[PDB]
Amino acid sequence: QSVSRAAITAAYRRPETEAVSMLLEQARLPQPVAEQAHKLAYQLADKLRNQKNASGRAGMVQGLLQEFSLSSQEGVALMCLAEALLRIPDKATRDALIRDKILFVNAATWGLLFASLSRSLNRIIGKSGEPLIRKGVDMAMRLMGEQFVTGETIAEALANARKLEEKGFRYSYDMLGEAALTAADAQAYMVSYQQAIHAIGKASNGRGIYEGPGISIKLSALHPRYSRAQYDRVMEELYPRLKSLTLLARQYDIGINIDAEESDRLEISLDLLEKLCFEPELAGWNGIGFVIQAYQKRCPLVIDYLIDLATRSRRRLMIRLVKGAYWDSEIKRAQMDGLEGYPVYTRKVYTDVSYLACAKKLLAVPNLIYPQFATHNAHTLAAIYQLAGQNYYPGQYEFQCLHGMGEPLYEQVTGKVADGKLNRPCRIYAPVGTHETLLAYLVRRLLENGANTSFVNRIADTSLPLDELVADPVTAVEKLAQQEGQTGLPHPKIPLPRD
């Protein structure tokens, strides 16, 4: 192994105290930068929460819960009466009714401002059995999944691109589908990716890899049973498909991004990337993209490897820095394999520290890397905005977000400074497909949106103060260290697998 590759292997399951301790000073924002990041993060998060005046309205609500000393159920019933009184057309009639004589239809709506289904479920299940549950799972998947899908076909998705592209957004299209089980499956995914590249490239129409749309692909879609595939067959069979797609993307001058999947496939994806970057037909072209996951202990070591690879292959790599989408499965997998540790962090704040440390490493080498900072977290965004320094230029970096999740944050970000935006570009990850391809992606979105550790979940909790929401992760880690006795202890509820 090379020096940078050997270091990656050594860090695979590095103990968490050691890994967090090493990243802390690399992630620490200088005090004036930290202060600017805090103010911007607070600002962004405030406008998020309080679009349509969510907090101010809630404030006026609780204020009247005090003056009259009433309960929540008491307040709602009062509003229903108040609403019915305001529907009396003439004020003299309304006042005379209040003075002399002294319904809940919209009580549910007012309640938003302030059991027997188990019987129906037990009854329905026993009668209809597994085929019923199977349809309900399919129906729920489609209904919850619609918000995350941009179109059923690439033509439909592309036809919708102008609205946000004219506001300064960019796109990366993903033909949904992954973990091909059979040779036919992987062949179908290959054809779907090829069709998409032709369509995206014609829409791009020469706009290039920065301003114009690109495509995102999953290696597991291009090789049957990728999860256990051996190096020899991957190089013989997957790599020609990856090369073919990348050459076609180059002909249209669109970016082609290799998504990151489960941690035990990191090594083989680096081998594929290494071979790809030295193809003569890709010489002098900078459209190859690659995702790295900051929740992995190997991430900073992968960056050192990628920096060396960009130098040796004489290109600028497009690198999407993410936290990671597979955390729940990674924990379970490691616990089942009984190894020495985890390949991912076990406290969410450590992943945040890793992301900031990695972001600094990426921003330091603008000749070698175009960083693409994927996040829906207002603090993460504000930190990167300050860490990138004075004198932004469009080709320095971009943000990225998922369709159906990013819009309210990035509406403050992409666009003109005169319109109150930050004037930084954001590329929207745009899934494309029908219900038959949606399941795995939707499940990962449910885990992301439903976790009480997720920014998108915490910002919707109006009982959590803004300052806690955008708290600096390095300071959070030091506070834990002072309380617990050392830096970087694992999550108390996630012991090592051999325990």
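Numbers for residues come from their place in the sequence shown, where the first is 1.
- According to the entry, are there none, 1 to 3, 4 to 9, or 10 or more residues of the deposited sequence without coordinates between residue 336 and residue 337? In the deposited sequence, nothing is left without coordinates between these two.
- Message: I'd like to know the size of any gap between residue 114 and residue 115, counted in deposited residues with no coordinates: none, 1 to 3, 4 to 9, or 10 or more.
- Response: The entry has 10 or more unmodelled residues between residue 114 and residue 115.
- Greater mean Cα temperature factor according to the PDB record, 436-444 or 461-469: Going by the record's values, the stretch with the higher mean is 461-469.
- Message: If you take the mean CA temperature factor per stretch, which one wins between 237-245 and 89-97?
- Response: Stretch with the higher mean C-alpha B-factor: 89-97.
- Deposited CA B-factor, highest of 36, 449, 453, 53: Max CA B-factor in the entry, restricted to 36, 449, 453, 53: 53.
- Item | Criterion, highest CA B-factor; candidates, 309, 221, 401, 108 | Of 309, 221, 401, 108, 108 has the highest C-alpha B-factor.
- Query: Thinking about Cα B factors across the chain, which third does residue 65 belong to?
  - Reply: Answer is highest: the recorded C-alpha B-factor places it there.
- Taking the C-alpha B-factors as the PDB entry records them, is residue 80 in the lowest, middle or highest third of its chain? Highest third - that is where residue 80 ends up once the chain's C-alpha B-factors are sorted.
- Item | Record-listed C-alpha B factor of residue 120: chain third | According to the entry, residue 120 has a C-alpha B-factor in the chain's highest third.
- Item | residue 298 by Cα B-factor - lowest, middle or highest third of the modelled chain | Lowest third - that is where residue 298 ends up once the chain's C-alpha B-factors are sorted.
- Can you work out whether the C-alpha temperature factor of residue 231 puts it in the lowest, middle or highest third of the chain? As the PDB entry reports it, the C-alpha B-factor of residue 231 lands in the highest third of its chain.
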